[PDB]
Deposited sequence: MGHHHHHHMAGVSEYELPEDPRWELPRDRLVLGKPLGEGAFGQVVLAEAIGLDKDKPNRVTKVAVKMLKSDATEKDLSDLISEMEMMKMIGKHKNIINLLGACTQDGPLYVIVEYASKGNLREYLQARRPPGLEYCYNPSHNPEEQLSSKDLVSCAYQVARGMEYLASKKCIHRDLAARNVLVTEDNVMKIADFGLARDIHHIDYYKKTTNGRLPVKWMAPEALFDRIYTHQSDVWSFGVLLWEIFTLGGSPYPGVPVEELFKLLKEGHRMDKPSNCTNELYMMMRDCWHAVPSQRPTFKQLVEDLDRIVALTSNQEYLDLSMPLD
């Protein structure tokens, strides 16, 4: 109840028409809405957006977290492959943090909904991994460390653009552990390289059209598993190249893993060499 107005982002509270709830974050809830005259040069146009806000029983720390999240998004700056901040309503009423709307759910949902028997060419998947790596290297360049990268935290827009989400936060709602690198799992050491590992696992999710890592492997057992040096098996039909890529990401020594800069390169290359007519087969769709 002490928020300052930043005219660079402030949006008249009456220009926001709240609508269907898109769910609820952990530090609040998000609803779909239509923002009037958001272009500012086209004030008579509506723009579908996502508005994060606090619940009625929101603690003082929660608002603290929400404001903190908005300011980080301001710092980080825009980029095609991430969910971008569009405005905020901070005056005369509850705080509304307005960001981009992703009409096609998260990457996982998106993939599974596109399993055979629209579809996804073999290229669609690789270029898909390409965007996530861009968004990730951009954030990495902005000093930002995600700490929880996974298809579920990657949203898809009406134009099939991969946008990374919840990149401006800090602190087991969906069994995250399966995406954590060893040093991050055993010693809470998060870095850009540990985010690379999570990317490996996100590659796996992509070339299984939405599967869950370590299928059936008992969480408790997962621990010693990674220590012994075990890794998941190449996804069905996944190429040899892409499997090597994910193996590098899962390197035992975090310093020896690739970087998002490299990954973005390799993936840029690989996409240019992948057929747009090679539809994959999923006879045994795991998860």
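Enquirer: May I ask you to mark the stretches of the deposited sequence that the structure leaves without C-alpha coordinates?
Expert: Comparing the full sequence with the modelled residues, the uncovered ranges come out as 1-14, 132-144, 199-210.
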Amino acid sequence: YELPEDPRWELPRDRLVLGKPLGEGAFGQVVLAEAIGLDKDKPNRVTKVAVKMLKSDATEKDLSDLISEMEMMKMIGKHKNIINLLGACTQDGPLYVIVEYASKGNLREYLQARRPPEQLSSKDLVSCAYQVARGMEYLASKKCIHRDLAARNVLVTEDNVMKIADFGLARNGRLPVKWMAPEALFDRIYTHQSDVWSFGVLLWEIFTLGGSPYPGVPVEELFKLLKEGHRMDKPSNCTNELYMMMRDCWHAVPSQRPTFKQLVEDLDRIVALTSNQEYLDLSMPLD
From here on, numbers count along this sequence of modelled residues.
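Just so we're on the same page, rigid core means the largest C-alpha set that superposes within 1.5 Å between forms.
Enquirer: Find the stretch among 253-261 and 220-228 with the larger RMS C-alpha deviation in 7 other deposited structures of this protein, all structures being superposed on the shown form by the rigid core.
Expert: So, of the two stretches, the farther one in 7 other deposited structures of this protein is 220-228.
Enquirer: In 7 other deposited structures of this protein, superposed on the rigid core, which stretch sits farther off in Cα RMS terms, 207-215 or 156-164?
Expert: Between 207-215 and 156-164, greater C-alpha deviation in 7 other deposited structures of this protein belongs to 207-215.
Enquirer: Going by the mean C-alpha B-factor recorded in the entry, which is higher: 8-16 or 273-281?
Expert: Stretch with the higher mean C-alpha B-factor: 273-281.
Enquirer: According to the deposited model, is the average Cα temperature factor higher in 221-229 or in 251-259?
Expert: According to the entry, 221-229 carries the higher average C-alpha B-factor.
Enquirer: If I read the C-alpha B-factors straight from the PDB entry, which of 117, 77, 200, 211 is highest?
Expert: Answer, based on the entry's C-alpha B-factors: 117.
Enquirer: Select one of 105, 176, 94, 135: the residue whose C-alpha shows the highest B-factor in the crystal structure entry.
Expert: Comparing C-alpha B-factors across 105, 176, 94, 135, the top value belongs to 176.
Enquirer: When the modelled residues of the chain are sorted by Cα temperature factor, does residue 33 land in the lowest, middle or highest third?
Expert: According to the entry, residue 33 has a C-alpha B-factor in the chain's middle third.
Enquirer: Quick check on the deposited entry: does the C-alpha B-factor of residue 87 sit in the lowest, middle or highest third of its chain?
Expert: It belongs to the lowest third of the chain when residues are ordered by C-alpha B-factor.
Enquirer: By the record's CA B-factor, is residue 171 among the lowest, middle or highest third of residues in the chain?
Expert: For residue 171, whose C-alpha B-factor we compare with every modelled residue in the chain, the answer is the highest third.
Enquirer: Name the third of the chain's ranked CA B-factors that contains residue 112, choosing lowest, middle or highest.
Expert: As the PDB entry reports it, the C-alpha B-factor of residue 112 lands in the middle third of its chain.
Enquirer: Ordered by C-alpha B-factor within the chain, which third holds residue 126? Give me lowest, middle or highest, please.
Expert: It belongs to the middle third of the chain when residues are ordered by C-alpha B-factor.
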